[PDB]
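Going line by line, the protein sequences match chains A and B. The first sequence lines up with residues -2 to 33, 36 to 350 when you count with the entry's author numbering. Final position of the second sequence in the entry's author numbering is 23; the numbers increase by one with none missing. One structure below.
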Amino acid sequence: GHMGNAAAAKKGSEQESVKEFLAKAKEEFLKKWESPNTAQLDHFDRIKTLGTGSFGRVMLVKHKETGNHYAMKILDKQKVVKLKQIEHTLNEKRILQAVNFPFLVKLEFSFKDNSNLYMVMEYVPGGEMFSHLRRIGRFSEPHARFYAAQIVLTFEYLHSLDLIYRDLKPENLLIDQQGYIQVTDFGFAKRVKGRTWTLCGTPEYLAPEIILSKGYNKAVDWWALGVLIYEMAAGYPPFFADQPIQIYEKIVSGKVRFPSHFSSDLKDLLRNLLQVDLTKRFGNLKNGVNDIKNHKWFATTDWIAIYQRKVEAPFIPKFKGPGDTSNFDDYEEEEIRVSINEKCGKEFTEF
Amino acid sequence: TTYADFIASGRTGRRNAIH
Ligand SMILES: Nc1ncnc2ccccc12
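Laid out in structure tokens, this is it:
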């Protein structure tokens, strides 16, 4: 067979140990999910806006008493209500409080006032993967594999908790000081033991079955991994066009083209992740995540060493000290005004 | 080239989720 006795016994034991880890991880998650205003706004100096969404913004802050820097996500409650994202916001906070994994951002404080909701999480200083990818152009296959292996482990973890992530893309991946990935946004994540039906995600990363308005499962995350690996290694995604509707036609077509510089191992992995047919997509078969982790393209990956953050990163971002923001673009700075009247109090009672 | 086609799509910047 492909493995001799020694390799086969090593692999089997490794897979069993993953099961034991994930079982303990699930037990810890549920305890924290069952039993979760831990700061206030004048506890922080606001320094600079790090990113923006329709919700509000993410700002670098310094915790006054301790001097530590954090990223503070500020959500305008009235905007959240108008955007119909009440449940997303409460769910994101609930996930972030409960999960624990080396590539998932750590929430430190959360609180609210009359106008806004605040999520204070670890500051990830190395910038968006998106910027690094567009600047470098494309990542070498070893560089892409280092990142990909972190997403595989992160999805292995989230899926064992029955969480589908649903918004993988370089824009949602930050690089920390050691060159490792941090995931921070869980606004579309959902606990899905079986199937779910919501049309959500980003057009280039949508699995066909989402586009086709089907009931779908965690395999959409493995499709999105294929898109991500492709984009990291090519510098552009497998399916693009002027308008989303044309991107969708390409996604559902079953056809994908690869740059000539893609290795054969990479193309094979990608054809199995970017598989329209759910009965054949890697990550969705009887062998589970093992089809991905044991694929030839990952043969050089020491999965435990990645988890332990003992692999030397291929790229270490510029770090000029704490509170340095040079890896982030400049955003227009608004003002965090706090109304004298409580807004949307009932809707966000549990926050 | 395919890269040129990607540029021509205008979706080379940060992409929003659908809404
Ligand atoms: N945790 C974060 N660190 C740095 N920049 C960010 C930008 C957006 C969301 C979270 C963060």
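Positions of the beta carbon are idealized from the N, C-alpha and C atoms, including for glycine.
I'd like to confirm the pairing. Which residues does DSSP put opposite residue i in its beta bridges?
i: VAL337 of chain A; result: Per DSSP, none; premise fails for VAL337 of chain A.
i: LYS72 of chain A; result: A:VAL57, A:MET118
i: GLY193 of chain A; result: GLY193 of chain A is not bridged to any residue.
i: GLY52 of chain A; result: A:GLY55
i: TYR215 of chain A; result: A:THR195
Determine the DSSP secondary structure at residue i, reduced to helix, strand or coil.
i: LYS266 of chain A; result: helix
i: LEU103 of chain A; result: strand
i: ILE46 of chain A; result: strand
i: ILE246 of chain A; result: helix
i: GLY9 of chain A; result: helix
i: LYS111 of chain A; result: strand
i: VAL182 of chain A; result: strand
i: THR6 of chain B; result: helix
i: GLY225 of chain A; result: helix
i: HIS62 of chain A; result: strand
i: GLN274 of chain A; result: coil
i: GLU91 of chain A; result: helix
i: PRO202 of chain A; result: helix
i: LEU40 of chain A; result: helix
i: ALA4 of chain A; result: helix
From this set, the options, which residue's C-alpha is nearest residue i's C-alpha?
i: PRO169 of chain A; options: A:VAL151, A:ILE228, A:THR195; result: A:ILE228
i: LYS23 of chain A; options: A:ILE209, A:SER14, A:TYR164, A:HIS158; result: A:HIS158
i: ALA97 of chain A; options: A:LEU82, A:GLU121, A:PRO33, A:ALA5; result: A:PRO33
i: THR16 of chain B; options: A:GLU333, A:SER262, A:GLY136; result: A:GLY136
i: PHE327 of chain A; options: A:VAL275, A:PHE129, A:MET118, A:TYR156; result: A:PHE129
i: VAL337 of chain A; options: A:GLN149, A:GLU17, A:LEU40, A:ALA6; result: A:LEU40
i: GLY320 of chain A; options: A:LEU224, A:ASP161, A:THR51, A:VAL123; result: A:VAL123
i: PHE54 of chain A; options: A:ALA38, A:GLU64, A:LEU74, A:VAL60; result: A:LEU74
Please classify residue i as buried or exposed, where buried requires at least 16 neighbouring CB atoms within 10 angstroms.
i: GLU91 of chain A; result: buried
i: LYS76 of chain A; result: buried
i: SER10 of chain A; result: exposed
i: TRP196 of chain A; result: exposed
i: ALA70 of chain A; result: buried
i: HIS(-1) of chain A; result: exposed
i: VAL288 of chain A; result: buried
i: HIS23 of chain B; result: exposed
i: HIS142 of chain A; result: buried
Examine ligand 2 and report whether any of its heavy atoms sits within less than 7 Å of the Cβ of residue i.
i: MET120 of chain A; result: Looking at this structure, you won't find ligand 2 anywhere; what it does contain is ligand 1.
(request) Run through the stretch 116 to 179 of chain A for me and flag every whole alpha helix (DSSP H) of 4 or more residues, listed as ranges in chain order. (result) Within the stretch 116 to 179 of chain A, the complete alpha helix (DSSP H) runs of at least 4 residues fall at 128 to 135, 140 to 159.
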